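Heads up, the thing below is written out as structure tokens.
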Amino acid sequence: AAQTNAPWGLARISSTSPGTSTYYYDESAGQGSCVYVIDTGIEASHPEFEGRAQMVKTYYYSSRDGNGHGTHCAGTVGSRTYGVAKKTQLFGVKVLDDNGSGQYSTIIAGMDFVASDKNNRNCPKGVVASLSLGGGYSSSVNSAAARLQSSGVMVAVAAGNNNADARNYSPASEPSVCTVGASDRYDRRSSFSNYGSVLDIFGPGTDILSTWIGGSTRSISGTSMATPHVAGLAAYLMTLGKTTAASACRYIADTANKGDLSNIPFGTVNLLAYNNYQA
């Protein structure tokens with residue numbers, strides 16, 4: 001399938017070169033997979049989600065996304081126009097308040113929630129969790145991400161936006177999950193992207209158009225935007241049967257575009273997520 005005039009990041013993940021604008025992908029499109037977006041919520045009524053999104057858990061007075069961040073990330077995973085995996089099922093877990101903040105205890109509870117809740121959902125092709133969040137190093141936060149991964153969920157986490165080594169941030173620094181840095185449309189490391197040996201992969205993260213609250217759209221930047229590209233890619237590849245939740249991060253690294261990014265510090269992987277779809 002071909003989506004013309006796609007957001008640059010979608011075109012990038014199906015291309016061996018920057019500078020194109022059509023997204024190419026297998027029409028299975030993540031059908032039968034599920035992606036949990038652990039964030040500020042999801043505006044599930046947005047026409048872009050087509051009834052495939054729902055809130056399943058909140059730790060606050062509402063499950064609605066009063067911020068926009070979670071809706072944007074969910075849109076990059078799976079919206080019809082802005083999403084990588086256009087037929088996946090999206091489940092929202094609101095661990096962040098409408099200012100975008102959350103206590104680590106709540107975030108940990110949300111990860112353990114997903115590890116159990118997937119047993120209440122129909123995801124025959126597999127389960128992914130997208131975590132566009134983080135703070136300073138916490139062994140308990142890393143352990144929760146490791147449990148979620150161990151339970152059979154492909155966990156993708158943001159590297160962070162500090163232009164620093166991600167070893168000092170959580171859950172970015174957990175070795176067993178997929179830690180995602182950000183790139184721009186010219187294949188440069190995004191100016192804010194964290195780096196370091198704990199990164200597994202880069203995805204598009206500068207000037208990413210996606211869904212927003214109020215039935216709208218906007219373009220924003222962050223490792224928060226790169227992470228759902230990788231989460232959606234995992235769901236797409238799992239639906240194709242090419243990989244599993246336990247092996248998808250490694251498979252994405254195996255099949256990435258290699259050595260094409262600029263300003264990658266010595267010791268950080270130079271790997272850009274790529275779907276290897278041959279039309």
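Quick note: the coordinates plus some simple rules give every number you see, no bench work behind them. Neighbour counts run over all protein chains shown; Cβ positions are idealised from the backbone, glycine included.
Details
- Qualifying position, being part of a strand (DSSP E or B), touching a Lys or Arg at 6+ places or on another chain (Cβ under 9 Å) and more than 19 Å from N275 (Cα to Cα), among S210, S197, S173, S219: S210
- Qualifying residue in segment 19-40 (condition: of a type in the set (A, V, I, L, M, F, W, C), farther than 15 Å from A231 by Cβ and touching a residue at least 24 places away in the same chain (Cβ under 8 Å)): no
- Extreme residue, surrounded by the most Cβ atoms within 10 Å (Cβ to Cβ), among residues of segment 185-204 that are touching a residue at least 60 places away in the same chain (Cβ under 8 Å) and under 16 Å from the mean Cα position of the chain (by Cα): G203
- Meets criteria (under 15 Å from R52 (Cβ atoms), touching a helix residue (DSSP H, G or I) at 6+ places or on another chain (Cβ under 8 Å) and in a helix (DSSP H, G or I)) for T71: no
- Out of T88, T106, sole residue that is under 17 Å from the mean Cα position of the chain (by Cα) and either over 21 Å from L233 (Cβ atoms) or in contact (Cβ under 8 Å) with a residue 12 or more places away in the chain (or both): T88
- Of all residues in segment 256-279 being more than 21 Å from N194 (Cα to Cα) and free of Cβ contacts under 8 Å to residues at least 40 places away in the same chain, the one that is farthest from the chain's Cα centre (by Cα): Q278
- Selection within segment 140-170 - part of a helix (DSSP H, G or I), under 20 Å from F113 (Cβ atoms) and not β-branched (V, I, T): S140, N142, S143, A144, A145, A146, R147, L148, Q149, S150
- Condition check for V114: within 29 Å of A29 (Cα to Cα) and outside any helix (DSSP H, G or I): no
- The one condition from (1) assigned to a helix (DSSP H, G or I); (2) farther than 28 Å from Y23 by Cα; (3) in contact with a helix residue (DSSP H, G or I) (Cβ under 6 Å, 6 or more places away or on another chain); (4) among the β-branched types (V, I, T) that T106 does not meet is (3).
- Any hit, segment 232-240, residues being surrounded by fewer than 24 Cβ atoms within 10 Å (Cβ to Cβ), without any contact (Cβ under 8 Å) to a residue 24 or more places away in the chain and in a loop (DSSP other than H, G, I, E, B): no
- Residue satisfying condition, being surrounded by fewer than 23 Cβ atoms within 10 Å (Cβ to Cβ), within 26 Å of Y137 (Cα to Cα), under 18 Å from the mean Cα position of the chain (by Cα) and in contact (Cβ under 8 Å) with a residue 40 or more places away in the chain, within set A248, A253, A182: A253
- Filter pass, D117 being touching a residue at least 12 places away in the same chain (Cβ under 8 Å), out of contact with any helix residue (DSSP H, G or I) (no Cβ under 7 Å at 6 or more places or on another chain) and not β-branched (V, I, T): yes
- Residues in segment 239-270 that are touching a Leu at 6+ places or on another chain (Cβ under 8 Å) and among the aliphatic types (A, V, I, L, M) were compared, and the one that is nearest to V177 (Cα to Cα) is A248.
- In segment 12-39, of all residues being more than 16 Å from the chain's Cα centre (by Cα) and not in a loop (DSSP other than H, G, I, E, B), the one that is nearest to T81 (Cα to Cα) corresponds to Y23.
- Qualifying positions in segment 241-279 - polar (S, T, N, Q) and assigned to a strand (DSSP E or B): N257, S262
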